[PDB]
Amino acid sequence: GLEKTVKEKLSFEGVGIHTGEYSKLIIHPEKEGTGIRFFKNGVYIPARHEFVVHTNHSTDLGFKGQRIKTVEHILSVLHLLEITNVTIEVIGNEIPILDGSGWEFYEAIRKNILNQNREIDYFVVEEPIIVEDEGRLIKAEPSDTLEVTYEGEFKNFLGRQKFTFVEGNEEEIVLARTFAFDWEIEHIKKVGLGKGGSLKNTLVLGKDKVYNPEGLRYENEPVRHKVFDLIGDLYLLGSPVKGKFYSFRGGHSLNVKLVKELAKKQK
């Protein structure tokens, strides 16, 4: 397809799920070939793997002393809509989490796409590749269309779940919310994170219960969310991706590791 940008600037504000501080982003249009980049305190941070500075509990980008936490969701939405040229100005030190999914981002951006003149130069997976890490594993291989499957093995009532995204089913994942198990909340808060978390932006699961009064949007919302996360991290390759991926218990760390190795192979 053609490269895209936004008809007019779009802005979102709220709290960062980790910083707990006010956060707001403004998406501005950019000419062809610009790519996706963030702007914070005078510094431009390209949405690329080389600028990753943290992958525990979120994917954070940094450059010249300026860091932006949790870019996975806004990037996932941009990847799914194939938005290729925009400048995301950031107020605060993290992207607003909103309700924990990509819904608000998706609905707003979707109705404001602007086709540009230049066919997209996709990052095409050319050969099979596999990165592993303590049971966790992610595999990628050639495909004319983006296809992402996430398989989880949970230690709670969820047990083993599996979900697969294919082009055209964007709406099956942009609603999946961020999630966390009660037994990991203590740790997250202890290490200086999750300061903005709440039942309003996070699905909290117990060994055999869902804390949120609204329950799950889908019986497999967690794995749908993981697919969403992976699509966001994959966009750090620099351009829309075309390949088939299968992630088994993967996380941001493994996702980024995969992205870096795919990049080395000069696809």
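A residue's number is simply how far along the shown sequence it sits, counting from 1.
Higher mean CA temperature factor between 40-48 and 220-228: 40-48, per the PDB entry.
A summary of the deposited B-factors shows that, of 184-192 and 107-115, the stretch with the larger mean C-alpha value is 107-115.
Note on the listed residues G100, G92, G197, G135: the highest Cα temperature factor in the record is that of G135. Across the residues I173, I88, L78, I130, the deposited record lists the maximum Cα B factor for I130. Annotation for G159: CA B-factor lies in the highest third of the chain's modelled residues. In the deposited entry, the Cα temperature factor of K209 places it in the highest third of its chain's modelled residues. Placement of the Cα temperature factor of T59 within the chain: lowest third of the modelled residues, per the deposited record.
In the deposited entry, the Cα temperature factor of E151 places it in the middle third of its chain's modelled residues.
In the PDB entry, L254 places in the middle third of its chain by CA B-factor.
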